[PDB]
Protein chains: 2
Amino acid sequence: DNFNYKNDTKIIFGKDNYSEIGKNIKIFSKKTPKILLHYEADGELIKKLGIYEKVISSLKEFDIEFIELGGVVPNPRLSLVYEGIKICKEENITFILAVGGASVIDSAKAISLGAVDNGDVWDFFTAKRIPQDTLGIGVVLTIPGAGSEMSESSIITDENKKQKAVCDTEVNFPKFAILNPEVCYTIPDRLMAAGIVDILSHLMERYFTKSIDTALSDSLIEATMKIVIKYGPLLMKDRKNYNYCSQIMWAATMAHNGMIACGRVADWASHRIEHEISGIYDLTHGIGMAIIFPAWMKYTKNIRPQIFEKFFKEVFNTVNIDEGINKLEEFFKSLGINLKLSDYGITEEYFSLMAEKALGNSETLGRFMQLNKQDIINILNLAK
Amino acid sequence: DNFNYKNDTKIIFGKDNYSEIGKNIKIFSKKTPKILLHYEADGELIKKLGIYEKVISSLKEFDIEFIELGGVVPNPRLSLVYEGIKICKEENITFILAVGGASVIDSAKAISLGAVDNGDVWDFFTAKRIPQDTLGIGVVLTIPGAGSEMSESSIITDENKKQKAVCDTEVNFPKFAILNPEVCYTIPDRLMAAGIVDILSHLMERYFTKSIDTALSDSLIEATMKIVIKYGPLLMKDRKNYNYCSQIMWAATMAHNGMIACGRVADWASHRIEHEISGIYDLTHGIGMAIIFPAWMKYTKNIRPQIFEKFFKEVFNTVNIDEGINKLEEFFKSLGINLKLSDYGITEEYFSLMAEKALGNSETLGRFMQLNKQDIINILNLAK
Ligand SMILES: Nc1ncnc2c1ncn2[C@@H]1O[C@H](COP(=O)(O)OP(=O)(O)O)[C@@H](O)[C@H]1O
Ligand SMILES: Nc1ncnc2c1ncn2[C@@H]1O[C@H](COP(=O)(O)OP(=O)(O)O)[C@@H](O)[C@H]1O
Ligand SMILES: [Co+2]
Ligand SMILES: [Co+2]
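This deposited entry lists X-ray crystallography as its structure determination method and 2.72 Å as its resolution.

Shown next, in the form of structure tokens:
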């Protein structure tokens, strides 16, 4: 149980602080700054919300020249990275400002890698070369999910060969990330509820571990989980409450922090199972993790029952696993989320297909408990 | 309640990992590495403990040339910094390895500033110039206190003018810090108990705040505090227990982390009062904070009684402040620590003197509650 931790992304947390876009662009750009403004599609969202205005007002206030590059698709495309790299070498951009979510942050990270490289940037995703430098980006985050605003990962899909790939390296760390909980206000209900489930799930996947001697870490993960459980329902019924949004958005940031997960072994069983439901049905990730995770917990309740006793004691105030599992189901339901796959017209038709696709070329799946094709179908039956 | 957070010190946490001294020296040194080895006095301690051996074995295994510079005094002296700066410019040192505690880390940080500067490094402590670069240091921490192994501060005392000063800047951040809980084993009992109090106190000084809307942050600070309260007594009676030492040493690291204190206003009333007791008597910091903090809490129990209710509920399982205060006194006593100043032959003789020296040129002192000369004497009377 040894671990390393590094994370140098500067966090700018709060509201009415839109000057720090430019103030921080100057702190991390070479000499005279000339930035590239990255956003999804044609700024429809960020301009609708007023993020576009407040951004330009910050660059102007700081005399920061800038070009705009738009047109990100949810799974961002290497053809657009190739474009941004061209403009950054052509127009001498010294810094990229990602305004959006992980789809445009990942483009920002990919463009920032090849703007400084003299070769193909796909060599950095297909494991040919290990990038040693990046131009540098700052993020203006619009939705508190995934955590790409402080990760070292970038996920680009090359459509011409259809192979999606990633690149994990310490140079991908955004130089700063602007974190205003107000951006939560405009998010649609079902999207925000699923985002709450994503935070809790990210915490649970590291919490439920066969690792030992992790008491401080247990507490910190419990404390964050507990906050998501108290404030998640409140934010859902009072969507413009800055307090409620500060807790949830700060919980999500912490959820992506390996100071509180101290090299404890995460289990991705639920993620993988959910992935396959989402590959065949049009179902949002967070909603699928509210349906799958309680089923997975039921199936794995015998592995380490004490760590299940602990979870429901510290988080739901009950040493009864069954009562605690139903409380967690009730919590999901209080977010608007129906708890069964039948509810979403999903039938047992492809349970078998999804189980084999989950497993791929392996016999079992998971770390907390090793799950084979039938195990995975039993879990999908618990969730029907 | 907006805040910023940056911290890029790489944490290497664990044991039987002494290769990472050299492995990490190579990761952060320019081209060919030639390091300076910094330690207190003549390596008596670190060599006695076997840290010296295991270090040299790592530099050799990695072909790392190195000179040794010793002779740190607990309050490190600018005359020695001046020496180390000379050797770093003379002998072309590309990196400093601080092996010790905050006394030698602060020398390491000061030497690392002027090895790269073309002027006097005291200009960086006396607020004349703001350093913009540092050579770079890695720490091998021997005692989990103060947190200098991940701070941006360096505290040097110039003895020829007797003025002590500090320099706070993002370049002071160690490039890495080696954190092995085993180094806790050899620490004397009273020194380790006081170090446990220092962690709890660092957490309490930020916890007890007039700031509002800090629920997630409250939980994280509570979780850490609670761990210090559970494991601190156990580590005291089982000094070679790696688990117990991992929790406490990881609690101390987290205690110095502003991810869990989200720009909440800290109060230094207890620190300042304790400082003056320690200025007149030969009394260790941690012991003085076990005597002062319960007195300060008694005196300030009426400011924000709900945040006192909360503290003792989440940390001691009681909504009674009095019962909770006595529990905290009992906790200190379970660390070997006597709870009164009379016990240490300290009398009311200089309560008046210490109160004026605490206050300096100000009328009151503290943020949670503004404390004037008589307030401070009342608190010293509670602690007699
Ligand atoms: N502040 C916001 N308000 C409303 N909708 C948003 C906001 N931020 C993102 N979205 C929406 O969420 C959808 C998908 O989220 P995305 O931006 O890809 O972030 P992530 O990849 O982190 O989930 C987008 O179609 C976008 O319309
Ligand atoms: N691992 C250790 N084992 C025993 N004693 C230690 C250890 N590390 C430091 N000390 C002792 O603690 C005393 C003061 O601590 P110091 O090294 O100045 O660290 P800090 O300044 O962080 O408290 C020193 O005299 C030293 O003898
Ligand atoms: Co997940
Ligand atoms: Co203190």
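To continue, consider the domain arrangement of chain A. Residue and element names in this part refer to chain A. Looking at the assigned domains, one finds that chain A contains domain 1 (8-187) and domain 2 (188-384). Buried area between domain 1 and domain 2, both sides added, is near 1500 Å², and the carbon and sulfur share of it is 74%. The largest contributions to the domain 1 side of the interface with domain 2 come from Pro144, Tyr185 and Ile187, which together make up 40% of the buried area. One can count 0 salt bridges joining domain 1 with domain 2. The tally of links between domain 1 and domain 2 comes to 3 residue pairs in polar contact. In the side of domain 1 that touches domain 2, the residues fall into 11 nonpolar, 5 polar and 3 charged.

Once chain B is rotated about the relating axis by 180 degrees and shifted along it by 0.0 Å, it coincides with chain A to within an RMSD of 0.0 Å. Between the two chains, the operation in question is that of a two-fold axis. Using C-alpha coordinates, one finds that chain B approaches the rotation axis most closely at B:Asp8, a distance of 2.2 Å. The residues that chain B uses at the interface reappear at the interface of chain A in 100% of cases, marking a shared surface.

The parts lose accessible area when they come together, and the size of an interface is often stated as this lost area. On the chain A side, the residues contacting the 40 residues of chain B number 40 residues. Counting each side, the surface lost to burial between chain B and chain A is near 3300 Å², with a carbon and sulfur contribution of 59%. For the chain B face of the interface with chain A, the top three residues by lost area are B:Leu216, B:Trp250 and B:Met259, together amounting to 19%. The interface formed by chain B and chain A includes 0 salt bridges. Between the two partners, chain B and chain A, sit 16 residue pairs in polar contact. At 8 residues, helix α7 (residues 215-237) of chain B tops the list of elements feeding residues into the side of chain B that touches chain A. Residues of the side of chain B that touches chain A, tallied by class, amount to 19 nonpolar, 13 polar and 8 charged. For strand β1 (residues 3-5) of chain A and strand β2 (residues 10-13) of chain B, the ladder comprises 3 bridges, and the chain directions are antiparallel.

Next up on the list: the UniProt feature "binding site: NAD(+)" (unreviewed entry) in chain A. Residues and elements named next belong to chain A. Per the UniProt entry, the sites bearing "binding site: NAD(+)" (unreviewed entry) are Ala102, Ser103, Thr142, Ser148, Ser151 and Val183 in this numbering. For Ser151, the location among the structural elements is in the loop between β6 (137-141) and β7 (153-157). Using a relative accessible area of 19% as the deciding quantity, one classes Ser151 as buried. Apart from residues lying up to four places away in sequence, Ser151 is in contact with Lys109, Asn172, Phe173 and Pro174. There is a polar contact of 2.8 Å between the side chain of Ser151 and the side chain of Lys109. Tracing the backbone through its elements, the reader meets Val183 in the loop between β9 (176-179) and α6 (189-207). With a relative accessible area of 11%, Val183 lands in the buried category. Apart from residues no more than four positions distant in its own chain, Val183 is found in contact with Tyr18, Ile51, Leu141 and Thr142.

Cut-offs used in this document
- Residues numbered from 1 in each chain as written, not as in the entry; some residues may be left out.
- Chains lettered and ligands numbered in written order.
- Heavy atoms only, no water.
- Residues with missing side-chain atoms left out of burial classes, pairs and counts.
- Domains from an automatic or database assignment.
- Buried area = accessible area lost by both parts, 1.4 Å probe.
- Salt bridge = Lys/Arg side-chain N within 4 Å of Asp/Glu carboxyl O.
- Polar contact = N/O pair within 3.5 Å; in protein donor to acceptor, adjacent residues only side chain to side chain.
- Nonpolar A, V, L, I, M, F, W, Y, C, P; charged D, E, K, R; others polar.
- Least-squares fit on C-alpha atoms.
- Contact = heavy atoms within 4.5 Å.
- Helix = DSSP H or I, 4+ residues; strand = E, 2+ residues; numbered from the N terminus.
- Pairing = 2+ DSSP bridges.
- UniProt positions renumbered as here; feature names shortened; annotations may be inferred.
- Buried < 20%, exposed > 50% of the residue type's maximum accessible area, 1.4 Å probe, protein only.

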